[PDB]
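J.:
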Amino acid sequence: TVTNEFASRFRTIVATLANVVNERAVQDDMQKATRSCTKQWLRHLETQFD
Amino acid sequence: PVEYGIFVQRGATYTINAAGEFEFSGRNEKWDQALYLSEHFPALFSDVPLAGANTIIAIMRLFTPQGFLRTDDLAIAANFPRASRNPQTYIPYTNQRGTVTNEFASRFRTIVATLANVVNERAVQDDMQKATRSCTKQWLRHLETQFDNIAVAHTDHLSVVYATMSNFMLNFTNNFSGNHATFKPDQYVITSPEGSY
Amino acid sequence: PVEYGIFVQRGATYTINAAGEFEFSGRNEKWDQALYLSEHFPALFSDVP
Amino acid sequence: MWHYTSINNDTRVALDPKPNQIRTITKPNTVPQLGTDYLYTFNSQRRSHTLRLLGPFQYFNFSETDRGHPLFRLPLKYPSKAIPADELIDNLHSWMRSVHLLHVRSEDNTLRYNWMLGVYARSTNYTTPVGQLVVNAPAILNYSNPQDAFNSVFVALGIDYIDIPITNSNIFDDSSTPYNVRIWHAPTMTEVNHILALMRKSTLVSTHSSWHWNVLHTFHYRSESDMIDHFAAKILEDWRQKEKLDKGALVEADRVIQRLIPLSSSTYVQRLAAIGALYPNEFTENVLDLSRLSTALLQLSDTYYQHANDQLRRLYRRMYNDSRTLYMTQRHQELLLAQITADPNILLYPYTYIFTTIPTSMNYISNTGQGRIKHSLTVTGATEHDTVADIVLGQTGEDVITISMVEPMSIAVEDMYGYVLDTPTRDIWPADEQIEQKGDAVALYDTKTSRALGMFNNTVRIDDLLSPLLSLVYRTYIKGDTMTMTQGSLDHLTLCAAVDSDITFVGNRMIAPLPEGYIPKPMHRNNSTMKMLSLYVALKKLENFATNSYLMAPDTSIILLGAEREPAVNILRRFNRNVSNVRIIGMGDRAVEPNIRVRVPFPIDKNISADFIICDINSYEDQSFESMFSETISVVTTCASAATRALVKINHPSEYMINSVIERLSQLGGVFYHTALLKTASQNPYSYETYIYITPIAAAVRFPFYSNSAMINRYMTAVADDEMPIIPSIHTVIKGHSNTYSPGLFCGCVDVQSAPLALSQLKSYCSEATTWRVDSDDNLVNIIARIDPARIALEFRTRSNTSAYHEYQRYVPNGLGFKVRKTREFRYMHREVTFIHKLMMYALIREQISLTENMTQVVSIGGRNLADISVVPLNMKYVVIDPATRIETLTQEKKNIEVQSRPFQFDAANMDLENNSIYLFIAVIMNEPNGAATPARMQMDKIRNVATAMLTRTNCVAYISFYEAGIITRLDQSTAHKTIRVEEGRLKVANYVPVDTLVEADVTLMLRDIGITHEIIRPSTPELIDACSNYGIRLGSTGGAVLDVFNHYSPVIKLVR
Amino acid sequence: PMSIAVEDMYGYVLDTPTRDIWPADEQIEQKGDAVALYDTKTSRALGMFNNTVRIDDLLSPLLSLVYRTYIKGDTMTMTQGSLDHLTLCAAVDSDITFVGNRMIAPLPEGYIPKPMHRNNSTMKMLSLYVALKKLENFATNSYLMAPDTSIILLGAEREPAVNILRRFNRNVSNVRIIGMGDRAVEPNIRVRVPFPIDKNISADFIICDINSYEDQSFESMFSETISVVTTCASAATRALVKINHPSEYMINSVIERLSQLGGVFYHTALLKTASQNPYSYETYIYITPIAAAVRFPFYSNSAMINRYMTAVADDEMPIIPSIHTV
Amino acid sequence: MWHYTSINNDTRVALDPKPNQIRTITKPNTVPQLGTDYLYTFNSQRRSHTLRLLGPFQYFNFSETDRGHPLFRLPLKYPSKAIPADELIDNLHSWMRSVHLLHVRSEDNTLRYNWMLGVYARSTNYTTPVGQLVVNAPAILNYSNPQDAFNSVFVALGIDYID
Ligand SMILES: Nc1nc2c(ncn2[C@@H]2O[C@H](COP(=O)(O)OP(=O)(O)OP(=O)(O)O)[C@@H](O)[C@H]2O)c(=O)[nH]1
Ligand SMILES: Nc1nc2c(ncn2[C@@H]2O[C@H](COP(=O)(O)OP(=O)(O)OP(=O)(O)O)[C@@H](O)[C@H]2O)c(=O)[nH]1
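Residue numbers (the entry's author numbering), protein chains in the order written: chain B, 643 to 692; chain B', 545 to 741; chain C, 545 to 593; chain A, 1 to 1057; chain A', 408 to 733; chain A'', 1 to 163. A prime marks a further copy of an entry chain.
(1) Between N457 (chain A') and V858 (chain A), what straight-line distance do the alpha-carbon atoms span, to the nearest angstrom?
(2) Anything in chain A within Cβ reach of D591 (chain B'), meaning under 7 Å, just list it in chain order.
(3) For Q761 (chain A), which option in A:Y805, A:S619, A:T770 has the closest C-alpha, if you only look at C-alpha atoms?
(4) Indicate the three-state DSSP secondary structure (helix, strand or coil) for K27 (chain A'') in the structure shown.
(5) At a Cβ cut of 9 Å, what residues of the stretch 551 to 562 of chain C count as close to chain A'', listed as they run along the chain?
(6) Does the beta-carbon distance from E285 (chain A) to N527 (chain A') come in below 8 Å?
(7) Taking 8 Å as the CB-CB cut-off, is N43 (chain A'') touching chain B?
(8) So, does the CB of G394 (chain A) fall closer than 8 Å to a CB anywhere in chain A''?
(9) Would you mind sorting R571 (chain C) into buried or exposed? The rule is 16 or more other CB atoms within 10 Å of its CB.
(10) Quick one: using the 10 Å Cβ neighbour count with 16 as the cut-off for buried, is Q577 (chain B') buried or exposed?
(11) Kindly indicate which three-state DSSP category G748 (chain A) falls into: helix, strand or coil?
(12) Excluding sequence positions up to five away, which residues of its chain have a Cβ less than 7 Å from the Cβ of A707 (chain B')?
(13) For chain B, check one thing: does any of its Cβ atoms lie closer than 8 Å to the Cβ of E87 (chain A'')?
(14) Look up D611 (chain A) in the DSSP assignment and say whether it is helix, strand or coil.
(15) Among the residues of its own chain, which have a CB less than 7 Å from the CB of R864 (chain A), if the five just before and after it don't count?
(16) Helix, strand or coil for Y620 (chain A')? Go by DSSP, reduced to three states.
(17) State buried or exposed for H1014 (chain A), treating a residue as buried only when at least 16 other CB atoms are found within 10 Å of its CB.
(18) Going by the C-beta, is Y161 (chain A'') closer than 7 Å to any heavy atom of ligand 2?
(19) In whole angstroms, give me the CA-to-CA distance for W429 (chain A) and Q667 (chain A).
(20) Would the stretch 144 to 160 of chain A'' count as touching the stretch 70 to 87 of chain A'' if we require 3 or more Cβ pairs under 8 Å?
(21) CA-CA distance, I585 (chain A) and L572 (chain A)?
(22) Indicate the three-state DSSP secondary structure (helix, strand or coil) for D163 (chain A) in the structure shown.
(23) Quick one: list the residues of chain C neighbouring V155 (chain A''), beta-carbon separation under 8 Å, in chain order.
(24) Closer than 8 Å is the cut-off here; do at least three beta carbon pairs connect the stretch 890 to 910 of chain A with the stretch 829 to 847 of chain A?
(25) Who are the neighbours of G68 (chain A'') on chain B', taking C-beta pairs under 9 Å?
(26) Determine contact between the stretch 471 to 478 of chain A and the stretch 744 to 757 of chain A, defined as no fewer than three beta-carbon pairs at a distance below 8 Å.
(27) Here's the rule I'm using: 16 or more other beta-carbon atoms within 10 Å means buried, otherwise exposed. How should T644 (chain A') be labelled?
(28) With a cut-off of 8 Å on the beta carbons, I'd call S557 (chain A) and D611 (chain A) a contact; round off their distance for me.
(29) Going by beta carbon distance, what residues of the same chain come within less than 7 Å of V31 (chain A), once the five residues before and after it are set aside?
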């Protein structure tokens, strides 16, 4: 495969958690900067995992 | 990811049958330059529309060349060697003198518009700070200006340099028809009945 | 694989009757040099189409 | 109608606007309209948007700025529905208004604007030298002479040519264009010859035989495949043009030949061009799929050369090698000579070869559109075969073709509610007769009925027969399509049968629309349900017969009996929902509430009562005959005492059983009840079980008892079988003229080239074989072919084997059909009841004809199309005597038939009946040779005359079928009438004029006064099962009902000597 | 293109037979004129007009309008079995249910059925169907098959007409509508003249529209069309068979063959429908047995015959419509 | 009515398409229809969505990529009403068009594609040894004798079985 199915699975997991944390952060009125930083952290986890 | 999954389920490559239809491989796989001389093509460049994979197809449409297929007329008049029965060359861009606006530069504006809404969609997906977003946008606008500056140099000056060089004596092969989806080089070999070609 | 399945379905070895015709085992089995002194031949070299 | 006649005009030059119209060619003031300014279509199931511009705009090179317009992003706003018309219009309008072709206006009337060059200069923003030419001198586009329109540009520019891109005609298809045109400087013929000679040097280049604007132009292809697609589309246009030139029509086409010439091409293009001048195709009006055209034309080519005579083969090869030459018929060239003499300056392709003689090749059928072909294989043809190899048929996927056991019914709604009834005939029941009938009954019961009849009875279940019909009634309802029907109408009751919900009416006729978001589930009918509704209808009908509304009278009760009667009771209840006070009780074993669970014998305390009864109780499967007898007698007694109008099932309708029922009723009620032997159309077709309609009446019944009744006969004739029933085989190999095939089918597939062979061998066994290909890609032809015994009876009379193989070759490859969709066929196909009956007669007679000794010939009289031939054994000679039949003498010679195309003469003296012969008058005496019905007296005269003619002959045998009068009185009572019905006292068999019936007693009377020995005989159950199992036929629903009565009252008269 | 009313294309005229006898001395002259007309073919001009003024293209603007009004929902009221109904079935390739006796069911939203694909002979076939319902009764308002009655169209490529007839009779229970002929696609059985000797077609109505083989000896076309007429006549109580070469000899010999086939003469008539191509010299014959003995069974100097007979091979190449400028 | 009478036929072998039909087994051009391509029902009072594929697709091992398709997230777009037919159709169509079983096309009339093994190799992205077998030799799925359809794979692989 061009793409590792395990890594792609981790991408879907991180996508799900991303919209989860997002929904929470908008619920709790988080500053956009901190939100962007958690998202960046998740993308980093995806790369590391790949 | 989803458009990618559809796209790659159609397959990473394709061949063109005698009917001229593109038969996609149906199989995800990395390209190697070996395949460049094969019957196979990278699929991203098929320019064949695929339902549910539109953004990929569009971003692909950004790569289509803005030039034209010249005949090497001077090299022909000189009887310079040319392997093709009808010698040709793809000049990357046409001269554009009378226009208020350079069509090549305007094309780069549409490309940058597309990438701009692409990066934007990504940044809002990843909750980017407005400041960084504005900065990427500013960078793109700057690329548009820079390109509009050099555009006349390319389309109106460098193009003629290409048109000459295509007529040079030893530039004997046909390099590219200007259509990425279908073009493959003609492949000659020296062939001994004895040894290998 | 498919030619392989056919070939090995004919047999991985054969013998030669008094008539001189080949007779394939019909069985897939690993060869051993214990067989070199036997009636058997490896079937890959039969040159029977 | 020899010489070609045509008008030659340059449609392209006609298209180019005069300069004054160019400013307003954009239709600046008025909005664009479909069918004029443009035409658009969305293709469902393929999700494509095709938009074509019309008028001058059909030919247009879009600017990159033009593609930046929204109108081209419109398809992107979808999938999937068609683009809304208002948006397509507003966009196309704004776009058209956006274009502004450069031009000079002028007073002169002779000018045309050179639309092509001006558009092309626009598309490139006037950057190309032609563009900047157009800019500094817009007036150069105006021209009076079409050739100078380009010459002026070529000389101003110093160029030898111009390469104009061609956009796809669809303007939503922004993809690489297959080729481009290249206008050339020309103008003398000599210059053209020179360029054509020089284009042999270039690579993928082609031309037309002649050129628009009288300006030479060539096509230059991106790939050989593009050249193939173009060459194909042109070969098709020239075939279609030649088709109407040869027909003598006036033709306004631009050039006499619309085919392309390969100036330099791949080998495939050469073969395409070769086959394009041979004009192989037969004329066709059918729509073709253009998308695969090339492939078709390639396959056609591959076949054409594959089976042409050696000289035609060499001719094809000559064309294939001289691809630069333009081959054409003489008349084409006469047309070219005409147009040259008219306009001497004209440029035509110089290198041409006239056919001194057109090739005599077979025309090829070439319908590449959808639909399978249903071939009717002829028994003989010009081709003679000799030891042809067996043609194995490949296994086919269920995706291509499923094979269900039994063809579902395709009747009208009312047609399944019909019933027939056999009234009692005999006035007394002597004890000596009771002994014999009881013995035959106990004997039939102990050994059970025929295993074959039971197999058919269980395989051709009625529920599955009616399922497609009932589901459709349901599917129309839930989708809201139905909304109007009478209350109490058979459509109403069928709707109640179909849908499990209450069905209120809004007004007398309108049905209440379903509440939104609510789709009621289909009613769950068990197998006996439709029969129950059918008997309900039957009881309402026997009550009145004039009735239109089958609906219970208010304050009236019906009580269905039998196991699992719940669905029928729910249906009856919902059907009578608008009727006040209607009890609709059920009973029987395995009953669920509402239905009371009970068992026979009913509890002695129990006291059921109603104005209607429908017993459908099954007999206990394993008991002494005296036990089943006492059980069913107790049942009949219960049902009779319970209701004024009972309808009770008899599982074992022996003469003894039914008559003993009449006896028990006689001693129960004193006076005899008015019984009748009913059989509904919703019974399983093969069922020998029969209902009896009991009802007291004030009149004293005459002839209370039954004897030789049809309903009884179906059961009684099903004696235990001598041979295990035949199972419908599916054959794959097709042996050449080998007799041995058990009845069945020839499902399978084979390569298209081998298809003519398979059809030519199939004809030995199959009257007809359906064939198709899944796609133009597949090389296989799937084939299905029922094995008809009659064809076998024809094709094996002699060892000779011949077929229309040369005709079948014309089909390959595009003449055998196409069908992407799955097809279902059946091991048991539906046939008309009358046809099945005729087969029953033919079996009844064939079984006897094999027995009789020393019979030199069988002679069918009036048996059209050798209809009677199944009866005659292959060695015995077969004579036919019907004016209607037409046969070549060589055919009768080929099959040992002897037809005499004269009317049979029914006069007794001149009727030269031969000795040792078997005459056959099956279903012919009722009708005159022209088909008009004879008076019954004339039929009596016919039988009298054939009998008197048989008086002198020895060893002669004759069979004379005739309809009996009794059936009339039967069919007046019955409501079933799908294929048989009374018409002013005559019965009308379908596709035939109604004919007067004979009385059997008068016939036997005259036959016994003539004194010739004779027997009245009818086909029985074993003959039914024989004909059905052999021909692969299933009895229909209505057919099962009508068949017993129709068969019993159509006796064969077996005269013998 | 034509600009007629809908009913106007379903009309037919018919020339009844005039002469009471067919003397052999007349048969000689008529046969000679027939073989002479056949060997030299008909007029090239008449053929040019016959092929240029095709009926399908003549009626296309009319049928398309009926289709265009339907898909846009404009139509909604017509009688079942009416000529407007049959014309709608001719125009549109879809099942056409009625909601109530007169109202047509409105199309489901987002669904526009494609136009029916009529080949050139289709309108003629519907026209002959109407003609057969009319000859049956003449007082009729509803051209619709009686329940449990069958019609069998013959001829090459009769599929569209059969589909139209079937959709037209969709509300009528138990109506067989078989097709036959060469180049037939399913449903239509593919067969060729002469019919296979085993084959046994039968119906209450027949419409033969089979073309004669283009290249054969006159005796061959004669025996072929005679076999056709015999087949169609034995097959049905009310045949309507095309005659491609309506010479006095051909039609009269047909009457003779029918006379020796049925004993008593059939009640023949020379029909010509309005949906035939206007210049066609081909003419239909309506055959049907009747209880009455026919007087004047034979034709002579008949109009339908005359159109063919007077088209003797032309002396001058037909004039082509010029467009003058000066 | 004693002796049993029956036709024995392998419905599973009948189901397996010939190789030429495999390219178009996805019904690429025409949209899927109820009662043919598939059948769907919502169960009121239980709130369940049952979708069953028909034809060869009744037997199908979905890839994890296949479950990543929207068509399987459709029930998630509800409760509670039945899924609208246009959406179920557009989704099922796009999905079916997404599948592309590996195969070799062939002229011979006797062959059937071994649909089970080819689907299974697809579902595992041709990672399993049967999968990579299917990839290097797609022609091994074609078979004339139904038993050899599996024997050829067992012998090429040396395996005693496949789960
Ligand atoms: N861009 C452009 N192409 C044109 C124009 N006029 C003609 N052509 C092209 O010239 C080519 C040669 O003519 P044909 O292919 O023989 O004519 P056609 O348009 O296909 O029409 P038919 O042959 O009658 O079916 C066509 O492929 C046209 O597309 C024009 O005004 N602009
Ligand atoms: N994944 C997959 N499983 C299959 C395929 N073909 C058959 N099977 C399974 O093989 C098993 C064995 O067959 P059966 O259970 O006896 O047959 P069935 O499918 O249940 O059909 P019936 O027994 O007639 O009701 C079934 O559980 C099927 O699900 C296939 O092509 N792919």
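We put the beta carbon where it would ideally sit given N, CA and C, even for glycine.
T.: Reading from the atomic positions:
(1) The residue you call residue 457 (chain A') lines up with position 50 of the fifth sequence. The residue you call residue 858 (chain A) lines up with position 858 of the fourth sequence. Near 52 Å, if we compare the C-alpha coordinates of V858 (chain A) and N457 (chain A').
(2) Residue 591 (chain B') sits at position 47 when you count from the first residue of the second sequence. By Cβ distance, chain A contributes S175.
(3) Walking along the fourth sequence from the start, residue 761 (chain A) turns up at place 761. The residue with the shortest Cα to Cα distance from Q761 (chain A) is A:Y805.
(4) As a working note, residue 27 (chain A'') is residue 27 in the sixth sequence. Coil, per DSSP.
(5) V552, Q553
(6) Working through the fourth sequence from its first residue, we reach residue 285 (chain A) at position 285. Working through the fifth sequence from its first residue, we reach residue 527 (chain A') at position 120. For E285 (chain A) and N527 (chain A'), yes; Cβs fall inside 8 Å.
(7) Within the sixth sequence, residue 43 (chain A'') is the residue found at index 43, counting from 1. No, no contact with chain B.
(8) Taking the first residue of the fourth sequence as 1, we reach residue 394 (chain A) at position 394. Closer than 8 Å to some Cβ of chain A'', the Cβ of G394 (chain A) qualifies, so yes.
(9) Mapped onto the third sequence, residue 571 (chain C) falls at position 27. Exposed: under 16 other Cβ atoms inside 10 Å.
(10) Here residue 577 (chain B') corresponds to residue number 33 of the second sequence, with the count starting at 1. Exposed is the call here.
(11) In the fourth sequence, the residue the question calls residue 748 (chain A) occupies position 748. Reduced to three states, the DSSP call for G748 (chain A) is strand.
(12) Indexing the second sequence from 1 puts residue 707 (chain B') at position 163. Counting only Cβ-Cβ distances below 7 Å, and skipping sequence neighbours, we find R614, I635.
(13) Translated into the one-based positions of the sixth sequence, residue 87 (chain A'') becomes position 87. No, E87 (chain A'') does not count as interfacial toward chain B.
(14) Taking the fourth sequence and counting its residues from 1, the one referred to as residue 611 (chain A) is at position 611. Three-state DSSP puts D611 (chain A) in coil, outside helix and strand.
(15) The count along the fourth sequence starts at 1 and reaches residue 864 (chain A) at position 864. Excluding sequence neighbours, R864 (chain A) sits near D882, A884, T885.
(16) Translated into the one-based positions of the fifth sequence, residue 620 (chain A') becomes position 213. If DSSP states are grouped into helix, strand and coil, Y620 (chain A') belongs with coil.
(17) Along the fourth sequence, one-based indexing puts residue 1014 (chain A) at 1014. Counting Cβ neighbours within 10 Å, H1014 (chain A) comes out buried, since at least 16 surround it.
(18) Residue mapping note: residue 161 (chain A'') aligns to position 161 of the sixth sequence, counting from 1. No, ligand 2 has no heavy atom inside 7 Å of this Cβ.
(19) Along the fourth sequence, one-based indexing puts residue 429 (chain A) at 429. Along the fourth sequence, one-based indexing puts residue 667 (chain A) at 667. Cα to Cα, the separation comes out at about 14 Å.
(20) Contact fails between the stretch 144 to 160 of chain A'' and the stretch 70 to 87 of chain A'', because fewer than three Cβ pairs, one in each stretch, are under 8 Å apart.
(21) Within the fourth sequence, numbered from 1, the residue matching residue 585 (chain A) stands at position 585. Within the fourth sequence, numbered from 1, the residue matching residue 572 (chain A) stands at position 572. Cα to Cα, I585 (chain A) sits roughly 10 Å from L572 (chain A).
(22) Within the fourth sequence, numbered from 1, the residue matching residue 163 (chain A) stands at position 163. In the structure shown, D163 (chain A) sits in a strand (DSSP, three-state: E or B).
(23) Taking the sixth sequence and counting its residues from 1, the one referred to as residue 155 (chain A'') is at position 155. For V155 (chain A''), the neighbours in chain C by C-beta distance under 8 Å run, in chain order, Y548, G549, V552, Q553, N572.
(24) no
(25) Position 68 of the sixth sequence holds residue 68 (chain A''). Those within 9 Å of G68 (chain A'') in chain B' are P545, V546, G549.
(26) no
(27) Within the fifth sequence, the letter at position 237 stands for residue 644 (chain A'). By the neighbour-count definition (other C-beta atoms within 10 Å, threshold 16), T644 (chain A') is a buried residue.
(28) Here the question's residue 557 (chain A) lines up with position 557 in the fourth sequence. Here the question's residue 611 (chain A) lines up with position 611 in the fourth sequence. Right, their Cβ atoms sit about 6 Å apart.
(29) Here the question's residue 31 (chain A) lines up with position 31 in the fourth sequence. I89, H93.
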